[PDB]
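Accompanying notes for the structure given below.
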Amino acid sequence: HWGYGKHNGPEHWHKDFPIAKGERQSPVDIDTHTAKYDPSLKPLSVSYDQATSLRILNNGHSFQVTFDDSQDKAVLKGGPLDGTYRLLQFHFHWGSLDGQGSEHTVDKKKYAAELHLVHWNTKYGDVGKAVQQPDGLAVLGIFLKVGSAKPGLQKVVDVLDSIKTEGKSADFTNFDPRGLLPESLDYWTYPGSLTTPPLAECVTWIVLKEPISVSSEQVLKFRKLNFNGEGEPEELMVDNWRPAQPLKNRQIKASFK
Ligand SMILES: NS(=O)(=O)c1nnc(NC(=O)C2CCCCC2)s1
Ligand SMILES: [Zn+2]
């Protein structure tokens with residue numbers, strides 16, 4: 001089964017998921033000097049006030065916080081998007097060291113981690129149908145750098161001890177994902193894919209230009225999670241990031257000058 005190790009990592013994924021070598025794979029390097037400001041791009045609308053978080057879960061590749069997406073409660077609109085995209089879950093990708101961990105890169109710079117808030121287009125009715133559409137999902141990507149603590153992340157960090165290994169989950173209600181956002185909603189956007197299998201080419205990527213800072217203690221707690229399930233040889237959940245993929249016939253647009 002797929003993972004991030006030598007024998008099951010990103011270089012192997014194409015064998016089970018041939019779209020791994022497709023025309024709109026993610027992540028990508030964002031070359032800031034080649035990205036073009038698109039004045040027709042609207043501001044992002046991040047409407048998270050009614051977000052209803054449900055569970056936090058270690059799925060063996062990351063940890064994710066899931067939300068009630070059965071109604072328009074936490075939605076992403078605007079920017080490059082047509083229509084309404086419901087927040088389903090967020091998760092992170094991170095490194096074994098502070099100089100790697102992000103999936104997208106900016107002028108080849110790797111951040112310590114990357115937060116993905118995964119949303120799906122309500123015109124497709126459910127996320128499984130949305131994954132089958134080229135405009136089915138919108139992932140809001142936010143870089144993490146190590147510096148000062150992010151207070152809105154602490155509640156996540158506080159609970160990771162309870163989901164150390166693959167398959168463990170915990171109640172994670174009343175979590176406000178607005179606490180994970182940077183000040184600026186300036187973004188780059190491009191059409192891409194899920195960065196984990198099945199690598200479906202269904203994502204409008206919206207990557208914020210402003211990172212959030214998290215503390216060394218916060219990221220260290222990410223790195224104490226396990227890829228393995230309980231009772232198996234302990235393999236720390238670190239470096240669960242896919243590297244940048246070929247941009248191919250795509251233009252990255254910037255919402256800002
Ligand atoms: N790293 S990422 O591009 O944000 C992602 N890679 N696979 C992702 N799968 C999902 O979100 C789903 C969750 C539930 C049902 C379908 C899909 S999200
Ligand atoms: Zn992700």
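Along the sequence shown, residues carry numbers from 1. Basis for what follows: all heavy atoms, side chains included, without hydrogens, waters or symmetry-related copies. Atoms within each ligand, like the ligands themselves, are counted from 1 in listed order.
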Would you call [X] and [Y] a salt bridge, taking side-chain N to carboxylate O under 4.0 Å as the test?
| X | Y | answer |
| --- | --- | --- |
| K257 | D186 | no |
| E114 | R242 | no |
| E23 | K248 | yes |

I'd like to check which ligand 1 atoms, numbered from 1 as shown, lie under 4.0 Å from a non-hydrogen atom of [X].
| X | answer |
| --- | --- |
| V118 | 4 (O), 11 (O), 18 (S) |
| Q89 | 10 (C), 11 (O), 18 (S) |
| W205 | 3 (O) |
| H116 | 1 (N), 2 (S), 4 (O) |
| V139 | 4 (O) |

* **Where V146 and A112 come nearest, the two heavy atoms and their spacing** => CG2-CB, 3.8 Å

* Structure fact -> Between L97 and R223, the two heavy atoms sitting closest are C-NH2, 3.3 Å

Side chain, backbone, both or neither: which part of [X] comes within less than 4.0 Å of ligand 1 when only heavy atoms are counted?
| X | result |
| --- | --- |
| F92 | neither |
| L194 | both |
| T196 | both |
| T195 | both |
| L137 | neither |

Would you mind checking which non-hydrogen protein atom is closest to [atom], with the distance to 0.1 Å?
| atom | answer |
| --- | --- |
| atom 17 (C) of ligand 1 | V131 CG2, 4.0 Å |
| atom 4 (O) of ligand 1 | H91 CE1, 3.3 Å |
| atom 15 (C) of ligand 1 | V127 CG1, 3.7 Å |

* Sole residue of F63, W205, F143, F92 in ring-ring contact (aromatic ring centres under 6.0 Å, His included) with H116 -> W205

* To do: Going by heavy-atom distance to atom 12 (C) of ligand 1, choose the closest among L88, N240, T66, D69.
  => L88

* To do: Report the relative orientation of the aromatic rings in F222 and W94; use parallel for angles under 30°, tilted for 30 to 60°, perpendicular for over 60°.
  => tilted

* To do: Could you go through the side chain to side chain donor-acceptor pair (under 3.5 Å) check for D69 and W120 one step at a time?
  => CA-CA 9 Å; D69 64 340; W120 58 272; 2.7 Å; yes

* Give the intermediate values and the outcome of ring-ring contact (aromatic ring centres under 6.0 Å, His included) for residues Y48 and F67. => CA-CA 11 Å; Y48 285 175; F67 290 80; 7.4 Å; no

* **Any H93 heavy atom less than 4.0 Å from ligand 1** => yes

* To do: Would you mind telling me which of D135, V75, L117 makes a side chain to side chain contact (heavy atoms under 4.5 Å, CB included) with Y85?
  => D135

* Report the angle formed at the Zn ion (ligand 2) by atom ND1 of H116 and atom NE2 of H93, rounding to the nearest 10°. => 100°

